[PDB]
């Protein structure tokens, strides 16, 4: 497909590893630092400044302040997940609604078959086929964050022309306890 043939011509492949210091203590980051799961109960970890202590989130180890970047995430048969980018300076302690105005540009799935963008208010997406693997694409200078079905190239959603002022991290959120993890592809 053109998607596979061109992605690297146009966007720099990000090698995203999950930063265990950022991860909500209810989350487990795998040893290879590419997959996240949820525990039944919050594990015993410090409340260091980088950790999300309320939202069930985890960040990439590296952020972006320019250029064009992409990574792919195997969502598989998970019933719930959200992925995207966020500002370095988001509120990590206590609640904030996950929205562009709070520095989060995400979308995902809930209740097995409801695809949404996490805008204010949420808006529903209509996807012909459920995706298994989702590509997340950032162009910092144009302001676009776009999501594609990584297996067939079809478009899922684009946040257009955001005027970014901070560094941006990949972000991943899982609310549910299910057999299937959320996994980054290298």
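Residue numbers count along the first chain shown, from 1. Take the two forms, find the largest set of C-alpha atoms that superpose within 1.5 Å, and that set is the rigid core.
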Next item on the list: Superpose on the core, then say which of 156-164 and 116-124 ends up with the larger RMS Cα offset from this form in 5 other deposited structures of this protein.
Entry: 156-164
Check: Do the C-alpha atoms of 24-32 or of 47-55 have the higher average B factor in the entry?
Finding: 47-55
Margin query: Going by the mean C-alpha B-factor recorded in the entry, which is higher: 149-157 or 119-127?
Written below: 119-127
Next item on the list: Specify which of 175, 10, 16, 171 carries the largest Cα B factor in the deposited PDB entry.
Entry: 10
Next item on the list: Could you tell me which one of 107, 96, 86, 73 shows the highest CA temperature factor in the PDB record?
Entry: 96
Next item on the list: Using the B-factor values recorded in the entry, state whether the Cα atom of residue 142 falls in the lowest, middle or highest third among the modelled residues of its chain.
Entry: highest
Item checked: Chain thirds of CA B-factor: placement of residue 185 -> highest
Margin query: Could you place residue 132 in the lowest, middle or highest third of its chain by Cα temperature factor, using the values in the record?
Written below: middle
Next item on the list: Report the third (lowest, middle or highest) to which the CA temperature factor of residue 68 belongs, ranking only the modelled residues of the same chain.
Entry: middle
